[PDB]
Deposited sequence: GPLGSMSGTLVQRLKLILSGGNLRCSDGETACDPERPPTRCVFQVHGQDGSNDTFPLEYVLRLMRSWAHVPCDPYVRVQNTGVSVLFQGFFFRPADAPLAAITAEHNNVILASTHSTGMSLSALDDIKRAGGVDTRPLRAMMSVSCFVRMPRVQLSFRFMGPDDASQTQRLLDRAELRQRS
């Protein structure tokens, strides 16, 4: 179901997700892979996916996504828990550009994302400011920019939030 949701989310863009994990015991292994080939420009709704993954689980967890330069393409790997092997992005809200050389990786955990968010003074209200990854694949390099994105019409967002609240 998570793969279906993710493809539905990425239907806007051209990124390709690779094709049944369970909530009470969430997997430490990779749960999804997203691929973007050379010359492509596409955005990845990072924070949205993280928050979605954390919603999916019914136990405390720290969702993490890794971005790698395969050397032919860009790869996104999804985790419910940040691996010991997993790298982190040395970025701030103001300066958020990361250049990946071949076989090199970066990463973002939801917790440290929250730390960056608070440090930046970024609005924490839901769906008011979501960190996304602007991804330009340009071999031998992968260009990343972790930019906070806001809604086109906030009013519409609140209405939607209100409805959602009524459901519960």
**Prompt:** Which deposited-sequence positions, grouped into ranges, are missing C-alpha coordinates?
**Reply:** 1-8, 28-30, 180-181
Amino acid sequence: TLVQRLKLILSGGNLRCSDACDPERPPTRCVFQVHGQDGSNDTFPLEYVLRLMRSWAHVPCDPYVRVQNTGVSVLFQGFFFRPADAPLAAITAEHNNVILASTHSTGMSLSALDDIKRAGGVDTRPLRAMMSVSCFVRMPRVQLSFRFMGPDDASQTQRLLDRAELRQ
From here on, numbers count along this sequence of modelled residues.
**Item:** Between the two ranges 116-124 and 134-142, the one averaging a larger CA B factor in the entry
**Value:** 134-142
**Request:** On mean C-alpha B-factor from the PDB entry, just flag whether 40-48 or 53-61 is the higher one.
**Result:** 53-61
**Asked** Going by the entry, which third of its chain does the Cα temperature factor of residue 108 land in?
**Response** lowest
**Request:** Quick one: classify residue 87 as lowest, middle or highest third of the chain based on its Cα B-factor.
**Result:** highest
**Request:** Grab the CA temperature factor for residue 9 from the record and place it in the lowest, middle or highest third of its chain.
**Result:** lowest
**Prompt:** Taking the entry's C-alpha B-factors for this chain, is residue 30 in the lowest, middle or highest third?
**Reply:** highest
**Prompt:** With respect to C-alpha B-factor, does residue 149 fall in the lowest, middle or highest third of the chain as deposited?
**Reply:** lowest
